[PDB]
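A.B. asks: My structure file structure-v2.pdb, PDB, C-alpha atoms (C1' of nucleotides), is below:
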ATOM      1  CA  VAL A 690     -50.375  22.238  -3.219  1.00  0.00           C
ATOM      2  CA  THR A 691     -47.435  22.812  -0.857  1.00  0.00           C
ATOM      3  CA  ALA A 692     -49.698  21.245   1.798  1.00  0.00           C
ATOM      4  CA  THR A 693     -48.544  17.814   0.639  1.00  0.00           C
ATOM      5  CA  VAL A 694     -49.977  16.286   3.847  1.00  0.00           C
ATOM      6  CA  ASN A 695     -53.437  16.751   2.290  1.00  0.00           C
ATOM      7  CA  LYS A 696     -53.624  12.947   1.835  1.00  0.00           C
ATOM      8  CA  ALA A 697     -54.823  12.280   5.399  1.00  0.00           C
ATOM      9  CA  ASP A 698     -58.613  12.528   4.943  1.00  0.00           C
ATOM     10  CA  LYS A 699     -59.238  12.923   1.205  1.00  0.00           C
ATOM     11  CA  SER A 700     -62.558  11.093   1.737  1.00  0.00           C
ATOM     12  CA  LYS A 701     -63.982  14.258   3.321  1.00  0.00           C
ATOM     13  CA  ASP A 702     -67.105  15.683   1.679  1.00  0.00           C
ATOM     14  CA  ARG A 703     -68.551  19.163   2.108  1.00  0.00           C
ATOM     15  CA  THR A 704     -71.916  20.885   1.801  1.00  0.00           C
ATOM     16  CA  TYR A 705     -72.998  23.476  -0.752  1.00  0.00           C
ATOM     17  CA  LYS A 706     -75.834  25.935  -1.233  1.00  0.00           C
ATOM     18  CA  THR A 707     -78.616  25.553  -3.796  1.00  0.00           C
ATOM     19  CA  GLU A 708     -80.559  28.158  -5.745  1.00  0.00           C
ATOM     20  CA  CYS A 709     -83.484  28.128  -8.147  1.00  0.00           C
ATOM     21  CA  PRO A 710     -82.897  29.373 -11.710  1.00  0.00           C
ATOM     22  CA  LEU A 711     -83.262  32.995 -12.728  1.00  0.00           C
ATOM     23  CA  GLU A 712     -86.597  32.352 -14.448  1.00  0.00           C
ATOM     24  CA  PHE A 713     -87.874  30.520 -11.362  1.00  0.00           C
ATOM     25  CA  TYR A 714     -86.351  33.252  -9.156  1.00  0.00           C
ATOM     26  CA  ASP A 715     -89.565  34.975  -8.047  1.00  0.00           C
ATOM     27  CA  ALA A 716     -91.698  34.604 -11.159  1.00  0.00           C
ATOM     28  CA  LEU A 717     -94.776  35.095  -8.975  1.00  0.00           C
ATOM     29  CA  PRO A 718     -97.267  37.461 -10.650  1.00  0.00           C
ATOM     30  CA  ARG A 719     -98.032  40.893  -9.243  1.00  0.00           C
ATOM     31  CA  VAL A 720    -101.628  42.107  -9.213  1.00  0.00           C
ATOM     32  CA  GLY A 721    -102.219  44.284 -12.262  1.00  0.00           C
ATOM     33  CA  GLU A 722     -99.206  42.958 -14.193  1.00  0.00           C
ATOM     34  CA  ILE A 723     -98.965  40.764 -17.279  1.00  0.00           C
ATOM     35  CA  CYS A 724     -98.739  37.002 -16.738  1.00  0.00           C
ATOM     36  CA  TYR A 725     -97.541  34.183 -18.997  1.00  0.00           C
ATOM     37  CA  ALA A 726     -99.521  30.932 -18.900  1.00  0.00           C
ATOM     38  CA  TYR A 727     -97.262  28.256 -20.407  1.00  0.00           C
ATOM     39  CA  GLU A 728     -99.474  25.369 -21.490  1.00  0.00           C
ATOM     40  CA  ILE A 729     -98.617  21.796 -20.492  1.00  0.00           C
ATOM     41  CA  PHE A 730     -99.118  18.977 -23.005  1.00  0.00           C
ATOM     42  CA  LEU A 731     -99.147  15.204 -22.425  1.00  0.00           C
ATOM     43  CA  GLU A 732     -99.050  13.409 -25.777  1.00  0.00           C
ATOM     44  CA  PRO A 733     -99.130   9.582 -25.666  1.00  0.00           C
ATOM     45  CA  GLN A 734     -96.200   7.849 -27.360  1.00  0.00           C
ATOM     46  CA  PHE A 735     -96.973   4.233 -26.467  1.00  0.00           C
ATOM     47  CA  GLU A 736     -99.923   2.584 -28.172  1.00  0.00           C
ATOM     48  CA  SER A 737    -102.535   1.757 -25.552  1.00  0.00           C
ATOM     49  CA  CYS A 738    -104.483  -1.419 -24.797  1.00  0.00           C
TER      50      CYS A 738
ATOM     51  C1'   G B   1      49.035  10.201 -46.038  1.00  0.00           C
ATOM     52  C1'   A B   2      50.173   5.424 -43.902  1.00  0.00           C
ATOM     53  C1'   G B   3      53.695   2.496 -39.571  1.00  0.00           C
ATOM     54  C1'   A B   4      54.683   4.018 -34.432  1.00  0.00           C
ATOM     55  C1'   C B   5      55.209   7.467 -30.534  1.00  0.00           C
ATOM     56  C1'   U B   6      53.801  13.032 -28.212  1.00  0.00           C
ATOM     57  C1'   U B   7      49.935  16.399 -27.424  1.00  0.00           C
ATOM     58  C1'   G B   8      45.421  18.155 -28.947  1.00  0.00           C
ATOM     59  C1'   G B   9      40.946  18.183 -31.678  1.00  0.00           C
ATOM     60  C1'   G B  10      36.456  15.772 -34.097  1.00  0.00           C
ATOM     61  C1'   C B  11      32.961  11.857 -34.282  1.00  0.00           C
ATOM     62  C1'   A B  12      30.766   7.408 -32.447  1.00  0.00           C
ATOM     63  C1'   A B  13      29.583   3.313 -29.388  1.00  0.00           C
ATOM     64  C1'   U B  14      28.539   1.404 -24.671  1.00  0.00           C
ATOM     65  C1'   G B  15      28.409   1.631 -19.556  1.00  0.00           C
ATOM     66  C1'   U B  16      28.332   3.931 -14.819  1.00  0.00           C
ATOM     67  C1'   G B  17      26.484   7.701 -10.707  1.00  0.00           C
ATOM     68  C1'   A B  18      22.692  11.437  -9.436  1.00  0.00           C
ATOM     69  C1'   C B  19      18.174  14.521 -10.041  1.00  0.00           C
ATOM     70  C1'   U B  20      12.842  16.556 -11.436  1.00  0.00           C
ATOM     71  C1'   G B  21       8.254  15.503 -13.078  1.00  0.00           C
ATOM     72  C1'   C B  22       4.983  11.987 -15.637  1.00  0.00           C
ATOM     73  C1'   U B  23       2.088   7.744 -15.575  1.00  0.00           C
ATOM     74  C1'   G B  24       1.300   1.950 -14.684  1.00  0.00           C
ATOM     75  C1'   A B  25      -0.158  -2.326 -11.687  1.00  0.00           C
ATOM     76  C1'   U B  26      -1.453  -4.401  -7.144  1.00  0.00           C
ATOM     77  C1'   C B  27      -3.174  -4.079  -1.847  1.00  0.00           C
ATOM     78  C1'   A B  28      -5.110  -2.164   2.451  1.00  0.00           C
ATOM     79  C1'   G B  29      -7.942   1.712   5.048  1.00  0.00           C
ATOM     80  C1'   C B  30     -12.203   5.705   4.799  1.00  0.00           C
ATOM     81  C1'   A B  31     -16.553   8.622   3.252  1.00  0.00           C
ATOM     82  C1'   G B  32     -20.904   9.685   0.404  1.00  0.00           C
ATOM     83  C1'   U B  33     -24.979   8.841  -2.987  1.00  0.00           C
ATOM     84  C1'   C B  34     -28.571   5.852  -5.469  1.00  0.00           C
ATOM     85  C1'   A B  35     -31.294   1.429  -5.692  1.00  0.00           C
ATOM     86  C1'   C B  36     -33.336  -3.198  -4.226  1.00  0.00           C
ATOM     87  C1'   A B  37     -35.228  -6.539  -0.347  1.00  0.00           C
ATOM     88  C1'   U B  38     -38.044  -7.758   4.733  1.00  0.00           C
ATOM     89  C1'   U B  39     -42.227  -6.789   7.477  1.00  0.00           C
ATOM     90  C1'   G B  40     -44.898  -3.222   9.909  1.00  0.00           C
ATOM     91  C1'   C B  41     -47.063   1.885  11.026  1.00  0.00           C
ATOM     92  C1'   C B  42     -49.870   3.796   7.185  1.00  0.00           C
ATOM     93  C1'   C B  43     -53.504   7.190   4.719  1.00  0.00           C
ATOM     94  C1'   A B  44     -55.056   7.925  -0.325  1.00  0.00           C
ATOM     95  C1'   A B  45     -57.626   5.447  -4.207  1.00  0.00           C
ATOM     96  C1'   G B  46     -60.823   2.027  -7.160  1.00  0.00           C
ATOM     97  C1'   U B  47     -63.062  -2.641  -7.453  1.00  0.00           C
ATOM     98  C1'   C B  48     -65.714  -6.384  -4.893  1.00  0.00           C
ATOM     99  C1'   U B  49     -68.231  -8.859  -0.793  1.00  0.00           C
ATOM    100  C1'   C B  50     -70.678  -8.166   3.716  1.00  0.00           C
ATOM    101  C1'   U B  51     -72.827  -4.291   5.624  1.00  0.00           C
ATOM    102  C1'   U B  52     -72.823   0.478   7.322  1.00  0.00           C
TER     103        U B  52
END
Let's see the structure in the file written out as structure tokens.
C.D. replies:
Amino acid sequence: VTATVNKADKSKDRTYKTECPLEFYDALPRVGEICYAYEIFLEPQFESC
RNA sequence: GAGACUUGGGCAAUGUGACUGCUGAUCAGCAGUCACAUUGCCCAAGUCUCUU
């Protein structure tokens, strides 16, 4: 904060890293190990023509 | 005690000369701070338009 001259280029933007969630962090099955198949459902809400 | 004189004492009134501080009013000269105003350098920041 003592660097009060920080108003010169306050429009500067920086980069950041990204990371997948813990569950998605290497959930790949191993041969011989238990696997969880999570079913996907697509229920229609709109009434069709 | 009074009248007057002599000296002295007491009180009072008023004036005169000098001193030490205290303020009052006016005037000049000087410094500093704060604020406003003029435009510009000016980046931040949002909106908007063009467009990047």
A.B. asks: Restrict the calculation to only C-alpha atoms (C1' of nucleotides), then for each residue of chain B with any atom at most 12 Å from an atom of chain A give the closest atom pair and their distance in Å to one decimal, rows by chain and rising residue number, as JSON lines.
C.D. replies:
{"residue": "B:42", "atom": "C1'", "partner": "A:697", "partner_atom": "CA", "distance": 10.0}
{"residue": "B:43", "atom": "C1'", "partner": "A:697", "partner_atom": "CA", "distance": 5.3}
{"residue": "B:44", "atom": "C1'", "partner": "A:696", "partner_atom": "CA", "distance": 5.7}
{"residue": "B:45", "atom": "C1'", "partner": "A:699", "partner_atom": "CA", "distance": 9.4}
A.B. asks: Can you tell me, as lines of an AutoDock Vina configuration file, the centre and edge lengths (Å, one decimal) of the axis-aligned box enclosing all of stretch 698-702 of chain A's listed atoms after padding each side by 6 Å?
C.D. replies:
center_x = -62.9
center_y = 13.4
center_z = 3.1
size_x = 20.5
size_y = 16.6
size_z = 15.7
A.B. asks: Find the distance between atom CA of residue A:723 and atom CA of residue A:707 and write it in Å to one decimal.
C.D. replies: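 Separating atom CA of residue A:723 from atom CA of residue A:707 is a distance of 28.8 Å.
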A.B. asks: By how many Å are atom CA of residue A:728 and atom CA of residue A:708 apart?
C.D. replies: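 We find that atom CA of residue A:728 and atom CA of residue A:708 lie 24.8 Å from each other.
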